[PDB]
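A lone chain, given as structure tokens: the form deposited without ligand 3PP.
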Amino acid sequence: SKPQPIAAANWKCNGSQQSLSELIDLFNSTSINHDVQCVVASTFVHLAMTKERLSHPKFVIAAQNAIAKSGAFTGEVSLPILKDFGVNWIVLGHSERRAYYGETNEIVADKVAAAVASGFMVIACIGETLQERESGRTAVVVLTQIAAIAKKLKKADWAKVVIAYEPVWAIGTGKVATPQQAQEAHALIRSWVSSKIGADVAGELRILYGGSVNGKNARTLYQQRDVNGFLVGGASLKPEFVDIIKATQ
């Protein structure tokens, strides 16, 4: 027994009006009979086109990042701005933002807190690097990442939160995550929640796998106990994402 799954498409910093409009069509045509929340997270530029063109009842749109308040932050986009524009999902604390854009545990937690406060559904990413892994720090890192978020939330807040575990150690490194390793990490996060926050919260919490997923391994990953879905990279700009949605059956 699992909560509603989520299949999330992280388009990242890609796409053209053309290529996207096509994918959108594929999507809209997709026949999905189970209870799944599908999410499409496009560039800020593409939000309006994706809003207008996505008609499928199982798909919502998300942003790939935000800042808490409006004001003098040239080039950034705020939560109020996405709210007025009608976006209600958001990806926060993606590994690429932590690696290249200054996003510390604290910054992420502040973002999560504001977003929750503002009504969003949040997909909050966490996960450890090769180095952290190699030196037996998986636990230390992951739990610290989740703890920083936790300190800022109340129990009630958890209903708006999704966690996406990213095996950063296995992205761009040469390494392979097996379904077993995915699951270890997932179980560990659940334990933390269950333990620190509640069993109720824990049983209801979606923990998405944010590693390497394609249509051929998404079922075997979903087979694992603590897998509730995926945060997809590359395969999301492809038709194969349709196989990924199906794997959450």
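If you superpose the two forms and keep the largest set of C-alpha atoms that fall within 1.5 Å, you have the rigid core. Only residues modelled in both forms are compared. Numbers follow the displayed sequence, beginning with 1.
J.: Going by the average Cα B-factor in the PDB entry, point out whether 157-165 or 125-133 comes out higher.
T.: Of 125-133 and 157-165, the stretch with the higher C-alpha B-factor average is 125-133.
J.: 206-214 versus 29-37: which one carries the higher mean Cα B factor per the record?
T.: The recorded data point to 29-37.
J.: Have a look at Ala66, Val193, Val60, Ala48 and flag the one whose Cα has the highest B-factor in the entry.
T.: So the option with the highest C-alpha B-factor is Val193.
J.: Could you tell me which third, lowest, middle or highest, the C-alpha B-factor of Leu92 occupies within its chain?
T.: Its C-alpha B-factor, which the entry lists for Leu92, ranks in the lowest third among residues of this chain.
J.: Split the chain's modelled residues into thirds by Cα B-factor; is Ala185 in the lowest, middle or highest one?
T.: Within its chain, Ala185 is a middle-third residue by C-alpha B-factor, going by the deposited values.
J.: Split into thirds by Cα B-factor across the chain's modelled residues, where does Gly71 land: lowest, middle or highest?
T.: Ranked within chain, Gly71 CA B lands in the middle tercile.
J.: Lowest, middle or highest third: where is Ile6 by C-alpha B factor in its chain?
T.: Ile6: CA B-factor falls in the middle third of its chain.
J.: Could you tell me which third, lowest, middle or highest, the C-alpha B-factor of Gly174 occupies within its chain?
T.: As the PDB entry reports it, the C-alpha B-factor of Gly174 lands in the middle third of its chain.
Absent from the display: the form deposited with ligand 3PP bound. The rest refers to it.
J.: Among 166-174, 75-83, 136-144, 151-159, mark the stretch whose residues have heavy atoms within 4.5 Å of ligand 3PP in the deposited bound form.
T.: Flagged stretch: 166-174.
J.: Heavy atom to heavy atom, is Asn228 within 4.5 Å of ligand 3PP in the deposited bound form?
T.: Output for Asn228 is no: heavy atoms all beyond 4.5 Å of ligand 3PP.
J.: Taking the shortest heavy atom distance, is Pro239 within 4.5 Å of ligand 3PP in the deposited bound form?
T.: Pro239: no contact with ligand 3PP in the deposited bound form.
J.: Taking heavy atoms and a 4.5 Å cut-off, does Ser212 contact ligand 3PP in the deposited bound form?
T.: Within the cut-off, so yes.
J.: Taking the shortest heavy atom distance, is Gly233 within 4.5 Å of ligand 3PP in the deposited bound form?
T.: Taking the distances in the deposited bound form, the answer for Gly233 is yes, it comes within 4.5 Å of ligand 3PP.
J.: Out of 1-21, which residues reach within 4.5 Å of ligand 3PP in the deposited bound form, heavy atoms considered?
T.: Sequence-ordered list: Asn10, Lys12.
J.: Hey, after the core superposition between this form and the one not shown, which of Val108, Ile171, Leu143, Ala150 has the C-alpha moving 2 angstroms or more?
T.: So the only displaced C-alpha belongs to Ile171.
J.: In sequence order, what stretches of at least three consecutive residues shift by 2 Å or more at the Cα level between this form and the one not shown, with the rigid core held as reference?
T.: Only one moving run appears between this form and the one not shown, namely 169-176.
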